[PDB]
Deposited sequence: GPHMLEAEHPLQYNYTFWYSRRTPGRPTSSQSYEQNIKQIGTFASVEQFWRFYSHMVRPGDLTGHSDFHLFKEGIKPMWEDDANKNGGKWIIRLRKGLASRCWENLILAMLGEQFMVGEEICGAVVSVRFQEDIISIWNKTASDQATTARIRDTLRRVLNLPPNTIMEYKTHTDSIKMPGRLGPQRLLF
């Protein structure tokens, strides 16, 4: 991911991934970017999540972090899950990745990436963090999602771990 002097660096390089279950959920790396301008070049040329057909997912993780649970950074990590009604995921994905890339979560390097999963009758937004036992980070991320995605007060969210 070459970077020019005129463009605005991100705190981390990030990598877009894409997966679809085909009658099979194998994740495919799209590409890596390093600046805000580079991000928009990818995102503005990607179909919106809500316009994806079938069992499809977009992943946006820091370069070098694999969006699977075999990765070491994820063995001790967790993720917040928001199961949305259809029609909301595209805007939540954008707001989420803007805040993640913008470093508005304020949790050091704890963030691994974000995932939007398009399913038959629901969409699933999630964000992964390094250490699941870090109750301090898990709580900040939750409150941040609430404000950043403009979730109604009673919105249901789940934090899943691997243990």
Notebook entry, point to check: Which parts of the deposited sequence lack C-alpha coordinates?
Noted result: 1, 25 to 33, 174 to 189
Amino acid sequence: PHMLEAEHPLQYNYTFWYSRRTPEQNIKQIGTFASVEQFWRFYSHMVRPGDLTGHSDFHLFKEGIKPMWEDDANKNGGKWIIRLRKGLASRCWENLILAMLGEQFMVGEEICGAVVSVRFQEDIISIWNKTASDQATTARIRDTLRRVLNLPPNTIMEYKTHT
From here on, numbers count along this sequence of modelled residues.
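In this text, the rigid core denotes the largest set of C-alpha atoms whose superposition between the two forms falls within 1.5 Å.
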Item checked: More shifted region, core-based fit in 6 other deposited structures of this protein, 89 to 97 vs 67 to 75 by CA -> 67 to 75
Next item on the list: On a core superposition, give the stretch, 148 to 156 or 12 to 20, with the larger average C-alpha separation from this form in 6 other deposited structures of this protein (RMS over structures and residues).
Entry: 148 to 156
Checklist line | Higher-B stretch (mean Cα B-factor, as the entry records it), 96 to 104 or 48 to 56 | finding: 48 to 56
Note to self: Comparing average C-alpha B factors as deposited, tell me which of 63 to 71 and 109 to 117 sits higher.
What the structure shows: 63 to 71
Next item on the list: Between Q29, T137, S35, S126, let me know which has the highest C-alpha B-factor in the entry?
Entry: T137
Next item on the list: Could you say which of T22, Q11, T144, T15 has its CA atom at the highest B factor, as listed in the PDB entry?
Entry: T22
